[PDB]
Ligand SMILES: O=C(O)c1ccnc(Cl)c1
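One chain is shown next in structure tokens, namely the form deposited without 2-chloropyridine-4-carboxylic acid (AO4).
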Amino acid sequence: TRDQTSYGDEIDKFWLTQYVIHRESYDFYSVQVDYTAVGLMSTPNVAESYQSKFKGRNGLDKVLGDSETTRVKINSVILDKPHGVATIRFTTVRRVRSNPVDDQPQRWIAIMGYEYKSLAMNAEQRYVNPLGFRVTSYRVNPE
């Protein structure tokens, strides 16, 4: 909509958490929806390193299928609105359909830079991102 670094605590918090759930979760049924969302909510450079694991024969969706899944769980969010910086602590629970039960959960820390860029958008894009939220920097490290 409008060039803007921040939209408030609650607004930024929703877009940030949604992003992590889209990009760190893997469900064979929603992969296309998750894939499309991360692209629109990211700069080309940020979207490039994520789309890489999906290209070619050994693309994640081509290899995994529905043999496994990873669930995502948000645990806390720290906003630095004036700088467009945000820290996110979350948990991920993987599974494989051939094992008895789930495997041990994994704690992560996400350091994200975000903004709201005003640019042209098509109909199918108005559904994904209204305020034009975009991640300009992303990297996760173990807890």
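The first residue of the sequence shown is number 1, and the count goes up from there.
The discussion below concerns the form solved in complex with 2-chloropyridine-4-carboxylic acid (AO4), not included here.
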- Message: So, a 4.5 angstroms cut-off on heavy atom distances: do all three of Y116, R134 and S137 pass it with respect to 2-chloropyridine-4-carboxylic acid (AO4) in the bound PDB entry?
- Response: no
- Message: Using a 4.5 Å heavy atom cut-off, which residue among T43, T91, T70, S52 comes into contact with 2-chloropyridine-4-carboxylic acid (AO4) in the bound PDB entry?
- Response: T70
- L60 within 4.5 Å of 2-chloropyridine-4-carboxylic acid (AO4) in the bound PDB entry, heavy atoms: yes
- Message: So, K13 and 2-chloropyridine-4-carboxylic acid (AO4): in the bound PDB entry, are they within 4.5 Å at any heavy atom pair?
- Response: no
- Although 2-chloropyridine-4-carboxylic acid (AO4) is absent from this view, report whether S25 comes within 4.5 Å of it in the bound PDB entry, heavy atoms only. yes
- Query: Can you name the residues of 31-47 that have a non-hydrogen atom within 4.5 angstroms of 2-chloropyridine-4-carboxylic acid (AO4) in the bound PDB entry?
  - Reply: none
